[PDB]
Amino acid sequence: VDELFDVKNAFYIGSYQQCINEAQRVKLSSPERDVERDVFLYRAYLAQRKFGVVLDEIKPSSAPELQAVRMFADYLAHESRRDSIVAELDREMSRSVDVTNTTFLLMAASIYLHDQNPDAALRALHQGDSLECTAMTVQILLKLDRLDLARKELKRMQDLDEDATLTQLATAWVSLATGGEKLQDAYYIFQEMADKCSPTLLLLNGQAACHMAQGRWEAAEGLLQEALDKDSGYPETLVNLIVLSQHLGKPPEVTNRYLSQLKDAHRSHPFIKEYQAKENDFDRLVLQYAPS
């Protein structure tokens, strides 16, 4: 049995503080596990947007796996340095990588995904052999609308470990994208993880998305309100409430409030930029039918 089971589980379902708390309590039964624990501790600080902790405490003497988390911390924290980090990352990958260092590949692929470079991120993850590497591949293939390829990688995880948390999560993502009878499958996975662990912002909107997909808007309202009470700034809640609001017949002043609220979510969800782009696309097309 895996001494870090609770730690990794808390992280992947979005319960970052519980991850941080339980990482600081476990007993050091190895130096291999010791570094692995620290990786999740610091990725949890990344997830809480506390890049200063990650950046100050991982030193040049720190383990290679931690150097990889710190690389990712630099990129998220320092917008001006991003292009130069990616340039160096391309040079590393072209030179030589330790393929057994799955932590480095997930940190490489994390950087590429943010840099809107899924080919590079898949090219890195292809080199690794680990469950999160597959799980991250499933997510990227789903974003590429290749549900066919996603199913094959998910099937890999199902043969290796049906009951693992990443496999359940990947099953839910694959099911949410397949639709039909499978939307209920995804819902119960998200529910079962909420009622074993704790109903995090990630699981709350996970569940709401499965309701909204079956058109069950009223059943989704409770979940989004609970998510809103926990954290007024989690953007996915705000976006989902815009959808839910309109499907419940509420006034456009509510959709407008959630749009202004989303500009201060200070978590970098693309929705506002795509919205402003569609503002600009529309202004441009108006002048195409009537050049004033």
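Residues carry their position along the shown sequence, with the first being 1.
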*asked:* Highest mean C-alpha temperature factor of the two stretches 248-256 and 232-240, which is it?
replied: 248-256
*Of 182-190 and 201-209, which one has the bigger average CA B-factor?*
182-190
*asked:* Maximum C-alpha temperature factor per the entry, among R37, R43, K50, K27, belongs to which one?
replied: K27
*Which has the highest CA B-factor per the PDB entry: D56, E32, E226, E65?*
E32
*By its CA B factor, does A109 count among the lowest, middle or highest third of the modelled residues in the chain?*
highest
*Going by the entry, which third of its chain does the Cα temperature factor of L141 land in?*
highest
*Going by the recorded CA B-factors, say which third of the chain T165 sits in, lowest, middle or highest.*
lowest
*Among the modelled residues of its chain, does the C-alpha B-factor of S96 lie in the lowest, middle or highest third?*
highest
*asked:* When the deposited Cα B-factors of this chain's modelled residues are ordered and cut into thirds, is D129 in the lowest, the middle or the highest one?
replied: lowest
